[PDB]
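Novice:
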Amino acid sequence: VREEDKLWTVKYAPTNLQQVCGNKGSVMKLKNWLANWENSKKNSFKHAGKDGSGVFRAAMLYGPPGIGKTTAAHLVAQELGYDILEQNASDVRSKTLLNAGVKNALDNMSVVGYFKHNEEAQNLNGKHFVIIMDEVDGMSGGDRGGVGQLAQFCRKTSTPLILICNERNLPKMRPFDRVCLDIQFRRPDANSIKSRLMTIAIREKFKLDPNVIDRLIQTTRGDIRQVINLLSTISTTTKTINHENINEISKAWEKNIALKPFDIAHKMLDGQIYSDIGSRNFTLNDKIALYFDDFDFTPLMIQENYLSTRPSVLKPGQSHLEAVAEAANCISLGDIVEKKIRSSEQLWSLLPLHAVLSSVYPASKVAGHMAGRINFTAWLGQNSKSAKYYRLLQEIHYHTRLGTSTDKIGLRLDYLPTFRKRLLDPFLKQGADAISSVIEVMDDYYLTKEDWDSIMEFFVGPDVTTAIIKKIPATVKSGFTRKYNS
Amino acid sequence: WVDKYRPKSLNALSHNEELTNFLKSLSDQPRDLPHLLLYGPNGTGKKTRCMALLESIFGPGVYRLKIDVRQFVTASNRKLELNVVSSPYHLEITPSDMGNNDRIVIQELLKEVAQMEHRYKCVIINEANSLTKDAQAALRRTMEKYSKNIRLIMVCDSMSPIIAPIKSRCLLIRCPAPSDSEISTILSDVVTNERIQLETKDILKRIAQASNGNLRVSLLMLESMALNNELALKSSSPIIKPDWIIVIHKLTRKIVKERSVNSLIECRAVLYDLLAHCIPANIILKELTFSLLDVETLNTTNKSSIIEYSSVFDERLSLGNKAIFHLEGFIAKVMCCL
Amino acid sequence: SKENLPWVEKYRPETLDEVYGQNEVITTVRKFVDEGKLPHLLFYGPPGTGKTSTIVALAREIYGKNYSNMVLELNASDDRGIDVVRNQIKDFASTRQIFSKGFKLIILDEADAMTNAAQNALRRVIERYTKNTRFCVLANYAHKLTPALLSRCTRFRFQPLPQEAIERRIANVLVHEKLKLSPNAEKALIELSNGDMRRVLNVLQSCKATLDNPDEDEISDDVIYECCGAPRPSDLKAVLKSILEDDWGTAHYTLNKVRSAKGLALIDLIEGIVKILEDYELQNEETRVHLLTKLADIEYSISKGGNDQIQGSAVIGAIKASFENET
Amino acid sequence: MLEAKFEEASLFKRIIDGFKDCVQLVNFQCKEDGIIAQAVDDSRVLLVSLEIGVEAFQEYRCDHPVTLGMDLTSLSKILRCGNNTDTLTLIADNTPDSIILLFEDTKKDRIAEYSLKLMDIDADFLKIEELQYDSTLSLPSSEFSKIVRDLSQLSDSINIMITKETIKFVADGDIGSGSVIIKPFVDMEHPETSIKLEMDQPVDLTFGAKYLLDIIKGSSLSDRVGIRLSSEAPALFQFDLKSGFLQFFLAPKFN
Amino acid sequence: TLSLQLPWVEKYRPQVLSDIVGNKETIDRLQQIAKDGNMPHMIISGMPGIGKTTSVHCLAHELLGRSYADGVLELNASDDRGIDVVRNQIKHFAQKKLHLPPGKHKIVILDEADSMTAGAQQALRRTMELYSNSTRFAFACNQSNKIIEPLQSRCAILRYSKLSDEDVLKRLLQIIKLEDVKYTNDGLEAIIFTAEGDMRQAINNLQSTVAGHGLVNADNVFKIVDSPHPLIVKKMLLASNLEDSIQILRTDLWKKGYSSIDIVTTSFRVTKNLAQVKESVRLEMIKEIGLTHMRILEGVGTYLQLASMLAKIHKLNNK
DNA sequence: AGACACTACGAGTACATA
DNA sequence: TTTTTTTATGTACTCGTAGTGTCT
Ligand SMILES: Nc1ncnc2c1ncn2[C@@H]1O[C@H](COP(=O)(O)OP(=O)(O)OP(O)(O)=S)[C@@H](O)[C@H]1O
Ligand SMILES: Nc1ncnc2c1ncn2[C@@H]1O[C@H](COP(=O)(O)OP(=O)(O)OP(O)(O)=S)[C@@H](O)[C@H]1O
Ligand SMILES: Nc1ncnc2c1ncn2[C@@H]1O[C@H](COP(=O)(O)OP(=O)(O)OP(O)(O)=S)[C@@H](O)[C@H]1O
Ligand SMILES: Nc1ncnc2c1ncn2[C@@H]1O[C@H](COP(=O)(O)OP(=O)(O)O)[C@@H](O)[C@H]1O
Ligand SMILES: [Mg+2]
Ligand SMILES: [Mg+2]
Ligand SMILES: [Mg+2]
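Protein chains in written order, with the entry's author numbering: chain A, 291 to 776; chain E, 4 to 120, 133 to 353; chain C, 9 to 335; chain F, 1 to 255; chain B, 4 to 322.
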């Protein structure tokens with residue numbers, strides 16, 4: 291092996307913790323967490339401490355790629371005497387063999403730490419393992435991939451567990467919410483990377499000035515690996531870099547990453563984009579690509595927060611209400627288009643049209659400043675709640691079908707306003723001696739206690755029984771529960 | 004109660020004498036009977052009349068029915084669970100209990116019942144309006160291929176979403192809502208049998224005037240207000256209105272009072288709270304528009320635009336799936352109109 | 009026997025000299041094959057123009073009568089996925105012929121229904137194996153093909169069949185069959201074809217069946233119009249005149265009697281009136297805008313059903329209100 | 001009316017298993033001299049030609065030439081429905097449709113009647129290839145199948161080289177390379193283990209691994225297989241049965 | 004006929020980085036890289052037919068010399084490139100021992116990298132990270148957005164642009180000089196006009212015109228290759244009067260056999276990529292084009308629908 | 001005669017779709 | 001600042017009982 295055969299990112303890789311750039315707080319927190327790991331296992335993780343690290347036996351590092359998560363993890367692993375072990379998605383990771391291996395390795399000692407050196411007074415921890423998992427977000431979605439298996443692994447283990455992923459808040463990563471201590475590595479500061487670039491430039495005889503690293507890391511968006519690769523790629527031809535050719539370099543190395551459904555909502559509802567000047571800079575093709583970055587949450591977010599802005603593109607003689615009405619009309623048209631898309635015939639070739647009608651046109655109608663905060667779309671939770679209520683109403687209707695002889699909606703609209711007066715009202719106006727009447731009325735339609743509980747949740751407006759059931763004396767409720775349980 | 008006093012035969016019907024005579028004529032010869040489609044307002048009594056007609060085609064055991072369960076497998080491993088109302092002479096299916104999987108249940112179940120078979136077994140399709148166009152197309156040929164073993168009696172409230180082939184493949188029977196006088200006479204027999212105390216009979220008439228021909232709603236409201244007056248209705252007993260109707264009325268008051276985006280947010284919130292509690296959006300739009308037209312503050316120019324926008328957004332909702340996306344648009348258009 | 013196949017299948021061209029209408033592409037392909045440089049072909053065109061017949065006759069001329077063995081013909085009826093490509097197409101391209109010596113031919117007929125992954129895998133098969141095999145892609149819509157795959161083949165656009173070639177084929181059929189055709193009947197037949205030989209052959213067989221005679225008589229315009237159910241220009245112009253000039257009730261009665269005397273359809277009358285009014289030199293384009301918009305709306309509504317009388321009255325009122333702006 | 005009766009019912013099973021994987025549909029031509037079949041692979045890389053004379057049929061009656069187009073994934077299922085000590089009977093009416101198989105036990109009394117719906121295959125299969133080859137070798141079928149299955153694990157292309165009394169099978173892949181070299185010898189103690197080779201000019205050409213693995217599946221028919229190679233000609237892999245033969249015309253890969 | 008000749012795209016395919024008339028900056032960059040060595044991981048993105056695959060092939064050839072056969076691993080979209088392949092074969096090639104000069108490295112060329120699955124792309128990260136001192140990765144794709152950001156973070160990004168008129172004209176002149184073809188200025192101009200920055204398509208059209216007529220003239224080029232589809236659609240949409248647009252749609256598009264789906268899709272794409280008119284009118288035209296496409300997809304695709312679409316577009320442009 | 005490595009075809013589970 | 005939205009075929013993975021050639 292020679293020197294010119296490795297990339298600049300490998301020959302300038304950090305050899306110790308004192309050369310990492312930025313995120314000093316995170317690396318110190320993880321170092322303290324790994325240091326007190328045996329102090330945490332000797333008392334079974336009950337004492338968390340002042341740092342709050344010690345109750346969780348696993349640590350999950352999450353942040354953008356290329357900021358030094360894996361590097362810092364490996365560095366602290368070699369520095370604290372822990373015998374390092376790495377396994378990731380590049381190797382086979384399933385529910386069958388990965389689970390078996392990790393289970394056999396959670397409370398087994400290392401032979402490498404035993405045979406290498408075990409006689410000097412270095413540490414009693416060399417016999418231990420540190421299972422460092424990389425690309426945790428790269429596993430398969432289902433349980434067969436091993437994400438839930440690893441989540442359960444982070445609950446029962448005698449060796450420190452280190453998890454490293456690039457994307458944290460994902461559905462697949464939901465089980466890791468309350469099981470492992472979360473550490474977030476953030477965008478590094480400009481000074482440390484500036485000094486590192488100064489050093490790596492003076493070492494390679496690369497002419498470079500301090501005025502350009504700011505724009506460089508701005509267009510790179512906090513990625514030291516990409517910056518190093520950029521310098522290694524362009525330093526071979528252009529020996530001296532300055533403020534003359536930096537424009538072409540920034541335009542050719544623009545990081546094209548898809549935005550989250552929250553930044554997409556900010557860019558869509560930005561009034562400067564739709565101005566006469568901003569139109570010829572962020573063209574309509576870019577606006578459609580914005581929606582195509584995430585075409586599942588963009589229309590919902592747009593419909594949620596299109597009427598929560600202050601418009602700055604109002605035509606002369608048009609109020610905010612008119613623009614909101616036109617935006618809602620286009621939202622309805624885009625909804626019709628989406629229904630035509632995600633139905634039979636699979637008219638997916640209409641996806642670009644759904645880009646304009648659902649997101650682009652309503653946002654353009656009410657583009658401007660953001661008044662409050664970008665609120666997440668509540669249509670998902672409302673749909674889930676409506677589905678649960680529909681399932682409950684279906685159970686109630688199929689229980690009462692033997693007597694009602696009506697439909698689901700016909701039972702919800704008209705029958706429930708009378709079932710409320712029949713079941714619950716005798717409890718408020720008669721006391722605890724009206725239990726038998728309610729029991730007979732419920733058995734007349736084969737109702738259950740769970741059905742009685744679910745019935746009182748359908749009413750709204752001036753009839754909210756959530757406090758009426760609490761106003762009922764607890765004696766009557768206990769007597770009813772005991773009577774129905776006999 | 005609605006269920007305690009319900010006719011069980013054709014001779015027990017107490018309104019629409021011409022319809023009862025037509026049903027008797029149609030049940031005189033039961034074997035040469037084509038498929039039937041009962042259409043009319045919701046709450047008229049068509050589901051009782053279909054069972055009464057079955058009671059004339061078969062023995063009295065048609066009402067002794069049982070609820071069973073049947074499982075289906077779609078193109079994926081998602082298991083479709085559907086309960087079936089069955090009788091030793093007929094069976095009832097309600098394809099309105101699932102999503103876009105109506106075609107599978109329809110075709111498979113009807114083919115199983117037709118291959119196993133007075134001489135035929137009647138089939139009652141409840142709420143045929145929720146039947147998707149693909150399920151109706153699948154039933155189109157099943158109605159004709161097996162006509163000697165399976166006869167369909169489809170109960171619906173409006174033939175608008177029913178396709179033309181299905182309309183042609185079955186006789187159409189209209190059930191007009193009973194007059195206020197017949198509703199009053201029925202409520203009289205009910206209150207004399209349930210031992211209610213009426214200071215003046217005219218209140219019963221008012222019940223009819225509050226039900227808009229609906230007997231199911233009329234009897235339920237009468238019983239609900241009989242529990243508030245403690246089994247003794249007075250001359251000025253208040254009318255018991257459902258909660259969602261009061262919410263819609265308050266929504267219209269908010270609409271005519273304030274027309275702005277800040278009020279549009281709370282309007283969207285009210286729409287979400289209404290939709291989350293098992294309330295269809297078409298009925299919400301219908302009631303909202305009808306009670307907005309009742310606002311005396313508006314003029315003919317406003318009401319015409321309101322009804323036009325309601326028709327447009329009703330078409331939108333019938334062509335869409337995200338109902339609030341059309342409801343909020345209609346509300347915003349009404350706000351812009353006023 | 010060939011006497012049992014329909015006229016569309018019986019008269020399928022077997023040689024490149026029987027493919028009429030396409031002359032600029034046929035001569036170029038013949039030159040490509042004679043001189044040897046045959047590139048990857050992309051036959052794009054409407055249905056019934058003769059792309060499949062052209063490529064079949066080409067493969068016949070190239071390999072002889074054993075065409076069915078030396079050519080790999082895949083279509084939408086066969087499973088065409090990415091794995092199907094990877095195995096079958098690559099094994100065909102990499103290997104050689106089992107019957108003779110020469111380049112191979114892969115005819116991907118109706119390749120507009122292939123998956124995007126299949127085309128992405130095939131675009132490197134066409135570029136890698138290009139010294140021992142060739143590719144022919146037949147398409148009706150050029151938007152279903154990826155631009156990478158679209159750029160690797162030489163595109164030939166099959167124009168609709170013109171009057172001369174379709175009349176030549178009609179004369180060939182009238183020679184092959186004991187049948188006579190009137191000149192005006194032939195013109196009306198060419199009018200209702202839009203360059204589709206399939207329709208012409210089908211309706212010719214149907215009107216020969218309609219003759220009811222031992223074919224000692226001729227086929228006139230009446231036979232064609234009664235067999236295809238198409239409206240006549242006479243009734244078309246009469247309805248248009250009664251709509252434009254006569255009274256509302258009289259126009260309604262005329263439309264009703266015309267559409268009920270011959271059992272004509274409202275959509276055919278709509279298309280005919282659209283074709284006739286296209287030659288009308290009109291005033292300010294607002295009338296044309298209203299006419300086109302309302303007629304397209306009525307056509308889209310007819311395409312889903314409804315009341316024929318209501319739609320006919322709508323057509324009458326739309327045409328009338330559109331022409332009321334021309335004054 | 002075609003009426004054939006086999007001596008052993010398992011011979012037809014072993015014959016059809018040879019085409020089961022490498023051929024999908026077949027078109028049996030039955031004449032007064034025997035049954036012929038020619039089929040082309042889906043990828044059209046190999047051609048299967050089976051010929052079985054009337055010597056194999058214990059009884060044979062062919063009034064007129066009959067064409068039976070059928071599928072092999074169903075014929076194999078029908079054949080597996082038989083028995084090891086049974087006899088097979090093929091019946092076809094005057095018009096070819098719904099061929100009938102009859103399995104009859106010779107030890108007990110048993111009749112198994114199966115039907116198979118014919119299919120109308122428009123493509124005719126009557127081509128015969130009779131041309132001199134550059135080299136003709138003969139080796140035990142097991143010894144050839146072993147080398148094929150052993151070299152198929154290294155790569156997807158196997159190169160055959162015929163030189164002056166030398167037969168070389170080379171396979172170069174990503175995990176390494178390999179080459180088996182054999183010499184034609186004459187074995188007097190056992191004739192079925194000898195290796196014969198008559199060459200006119202050296203040959204060097206490659207095949208694919210999948211088709212070569214599918215070809216050696218017919219090794220259960222005969223104890224010795226012949227290989228005829230020529231300069232850019234379909235290689236002839238022949239298994240000779242006591243009443244005819246099965247020959248695979250394999251097409252090499254262009255270099 | 005017995006055999007064919009190699010096409011001019013494959014015969015005259017560049018084998019040295021100097022013969023590439025593509026983007027000069029990236030070409031000189033790759034030339035200096037092959038001269039000095041130490042080739043890093045790279046991702047070349049762009050449009051079809053601009054010299055991406057040829058560029059990486061030339062780079063690998065010049066960098067490996069005679070060791071190209073045993074040091075370069077080519078994987079196209081025609082081969083299986085799933086998680087199993089990346090796990091077994093790519094890792095075995097990266098771990099393979101090979102004695103190379105002290106300035107070269109093993110190259111893994113992955114054509115059509117935008118088609119690899121997410122699992123394979125995720126597994127390739129550590130695969131290219133642990134063996135980055137003896138194995139280098141070169142991806143060639145058309146959409147850099149289809150490749151995950153972790154993979155893009157470990158490599159250089161080379162975005163190839165369209166080829167200007169001068170470069171394609173120079174390459175065609177070189178090919179004509181090497182082939183002794185009779186041509187004319189207007190014929191080459193029409194060829195370049197119908198190419199639209201596509202060098203492969205330009206050479207293919209040139210070879211087809213040569214083999215079909217012999218003389219490369221604008222008349223021959225236009226009679227064998229129709230005018231570009233989007234330009235006629237743009238001229239139809241940008242018409243000022245309704246009758247002109249209707250006549251254009253009738254004669255150029257409908258009378259030549261262009262399907263209604265292709266017409267409406269081209270109209271949508273042109274209106275999306277249009278810059279002559281404002282944003283709001285463009286959005287309204289896109290709305291009308293989509294309303295028309297919703298009827299075209301339902302099987303109501305005729306000339307009347309396109310005429311009504313043009314009429315509505317003109318009414319929108321009618322203030 | 002038999003045991004068990006090798007193996008290939010079948011049900012399950014998700015993941016995109018311009 | 002935070003998690004689901006139908007059906008429809010193509011694509012990719014895995015476990016998986018199963019069918020058969022091989023070894024103490
Ligand atoms: N803070 C840093 N200071 C100096 N070099 C760094 C830093 N972060 C990353 N690097 C360089 O980037 C290389 C790769 O670092 P990694 O830790 O592997 O990246 P990462 O943050 O783990 O993101 P991944 O690998 O895509 S999950 C190192 O070998 C260094 O050369
Ligand atoms: N140019 C032509 N000359 C003569 N007959 C033709 C011609 N074009 C079509 N036909 C007739 O129409 C039949 C069908 O032709 P095809 O080639 O199958 O149509 P097509 O051009 O392939 O369009 P498709 O198959 O719908 S994509 C042929 O068998 C002929 O009978
Ligand atoms: N810059 C160039 N100079 C000369 N010939 C070129 C150039 N670019 C492309 N060509 C020609 O085009 C052919 C194919 O080029 P490719 O590199 O395969 O196209 P591409 O840029 O990779 O786009 P793809 O493969 O469709 S994603 C080559 O064999 C050359 O004949
Ligand atoms: N002829 C009748 N006389 C008295 N009550 C009737 C009559 N017809 C229907 N009803 C009442 O209608 C109720 C059922 O209504 P239903 O038929 O389910 O409404 P829908 O017609 O909307 O299905 C029963 O409780 C019954 O008391
Ligand atoms: Mg990492
Ligand atoms: Mg065709
Ligand atoms: Mg390429």
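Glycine is no exception: its CB is placed at the ideal position from the N, C-alpha and C atoms.
Are A:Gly353 and A:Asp373 closer than 8 Å when you measure CB to CB?
Specialist: The answer is no: Cβ separation not under 8 Å.
Novice: Shortest alpha-carbon distance to B:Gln92 belongs to which of F:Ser155, F:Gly226, F:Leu250, F:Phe248?
Specialist: Checking every option, the nearest Cα to that of B:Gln92 belongs to F:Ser155.
Novice: Does DSSP classify E:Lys136 as helix, strand or coil?
Specialist: Here E:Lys136 sits in strand by DSSP.
Novice: By the three-class DSSP mapping on this structure, what secondary structure does B:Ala72 have?
Specialist: DSSP places B:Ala72 in helix when its eight states are reduced to three.
Novice: Buried or exposed for E:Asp35, please, with buried defined as at least 16 other CB atoms from any protein chain shown within 10 angstroms of its CB.
Specialist: Result: exposed.
Novice: Report the three-state DSSP secondary structure of B:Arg162 (helix, strand or coil).
Specialist: In the structure shown, B:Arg162 sits in a strand (DSSP, three-state: E or B).
Novice: My assumption, with CB atoms under 8 Å, is that F:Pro140 sits in contact with F:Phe207. Please give the rounded CB distance.
Specialist: Actually they are not in contact, since the Cβ atoms of F:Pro140 and F:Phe207 sit about 19 Å apart, beyond 8 Å.
Novice: Tell me which residues share the same chain as B:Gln279 and place their Cβ nearer than 7 Å to its Cβ, disregarding the 5 neighbours each side in the sequence.
Specialist: Same-chain partners within the cutoff: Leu241.
Novice: Does C:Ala273 get closer than 8 Å to chain B when you measure Cβ to Cβ?
Specialist: It does not: the Cβ of C:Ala273 has no partner Cβ on chain B nearer than 8 Å.
Novice: Quick check on C:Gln167: does DSSP put it in helix, strand or coil?
Specialist: DSSP places C:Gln167 in coil when its eight states are reduced to three.
Novice: How would you write the range of the alpha helix (DSSP H) that B:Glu13 sits in, first residue to last?
Specialist: Its alpha helix (DSSP H) spans residues 11-14.
Novice: How big is the Cα-Cα spacing for F:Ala4 and F:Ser243?
Specialist: Going from the Cα of F:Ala4 to the Cα of F:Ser243 covers about 14 Å.
Novice: Can you name the residues that DSSP bridges to F:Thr166?
Specialist: Paired residue(s): F:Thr163.
Novice: Give the straight-line distance between the Cα atoms of E:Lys265 and A:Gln672, rounded to the nearest whole angstrom.
Specialist: In a straight line, the C-alpha of E:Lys265 is about 22 Å away from that of A:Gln672.
Novice: Quick one: what does DSSP say E:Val76 is sitting in, helix, strand or coil?
Specialist: In this structure, E:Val76 counts as strand in the three-state DSSP scheme.
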